[PDB]
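Residue numbers (the entry's author numbering), protein chains in the order written: chain B, 31 to 151; chain A, 31 to 144.
Written out below as structure tokens is the structure these notes cover.
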Amino acid sequence: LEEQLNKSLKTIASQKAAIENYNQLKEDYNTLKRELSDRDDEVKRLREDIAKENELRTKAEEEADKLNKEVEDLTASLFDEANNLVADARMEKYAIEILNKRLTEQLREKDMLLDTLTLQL
Amino acid sequence: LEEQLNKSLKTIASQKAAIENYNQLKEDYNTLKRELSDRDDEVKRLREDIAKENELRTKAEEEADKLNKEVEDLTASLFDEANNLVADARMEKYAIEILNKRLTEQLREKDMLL
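If you want it as structure tokens, here you go:
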């Protein structure tokens with residue numbers, strides 16, 4: 031009987047630390063069950079703010095391109111007209127520089143004709 | 031030994047179930063600790079992209095204004111040559127205009143005295 035007092039006792043303990051440990055493990059299990067419900071929701075959030083980026087970054091990339099190929103055009107168009115502005119600019123500066131120089135090359139054919147139209151009179 | 035054949039089988043039955051608990055639990059623990067370490071990766075990867083991805087939006091946004099000013103300068107510089115031109119290209123019109131006035135009236139002044 032006295033040797034029956036420690037047999038059951040040694041088993042009472044096996045049972046004791048039997049739970050004591052299970053909890054000593056489910057407490058640490060739950061110590062993860064949450065930390066994983068964090069990377070689980072941290073991922074979701076980041077994961078979303080990335081399609082939140084790409085989407086609003088493809089509107090800016092395709093619009094700032096459109097509105098930058100519109101400027102590329104107006105620059106070749108401004109450069110263009112700015113040449114025609116030069117074509118006529120120079121062109122018209124001849125006919126009037128030659129004209130001004132045509133009455134001159136024309137004065138030598140009438141300046142000599144006054145020293146002689148006075149040779150008769 | 032039917033008495034000793036029962037309790038012993040029940041004592042053992044609960045021993046198994048006792049262990050079984052810890053084993054299918056530790057088993058479910060090593061699992062959580064794994065994923066929690068497979069998401070640390072899936073989050074260190076995300077925060078690794080928003081880094082190079084935002085460091086790439088950087089240059090693509092800097093050499094973007096480094097452009098409009100080498101275009102703005104170009105544009106408005108073209109526009110001054112075009113205005114300084116038409117502007118003073120007109121000064122030489124009325125200037126060479128009066129020169130052609132004395133010449134057209136002096137050739138007629140060369141017809142009154144001739």
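By construction, the Cβ of each residue, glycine as well, lies at the ideal position given by its N, Cα and C atoms.
{"Check": "Contiguous alpha helix (DSSP H) assignments of at least 4 residues, all confined to the region 73-130 of chain B", "Outcome": "81-129"}
{"Check": "Cβ-Cβ distance between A119(A) and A119(B) below 8 Å", "Outcome": "yes"}
{"Check": "8 Å Cβ cutoff, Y52(A) in contact with chain B", "Outcome": "yes"}
{"Check": "Assigned secondary structure, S44(B) (DSSP; H/G/I helix, E/B strand, else coil)", "Outcome": "helix"}
{"Check": "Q136(A) (DSSP reduced to helix, strand or coil)", "Outcome": "coil"}
{"Check": "Proximity test, Cβ basis, 8 Å: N130(B) and chain E", "Outcome": "Note that chain E does not occur in the displayed structure, where the protein chains are B and A."}
{"Check": "Residue-level contact to chain B via CB, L35(A), 8 Å cutoff", "Outcome": "no"}
{"Check": "Chain-ordered chain A contacts of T105(B) [CB-CB under 9 Å]", "Outcome": "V101, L104, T105 and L108"}
{"Check": "Residue-level contact to chain A via CB, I42(B), 8 Å cutoff", "Outcome": "no"}
{"Check": "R69(B) burial status per 10 Å Cβ neighbour count (16 or more: buried)", "Outcome": "buried"}
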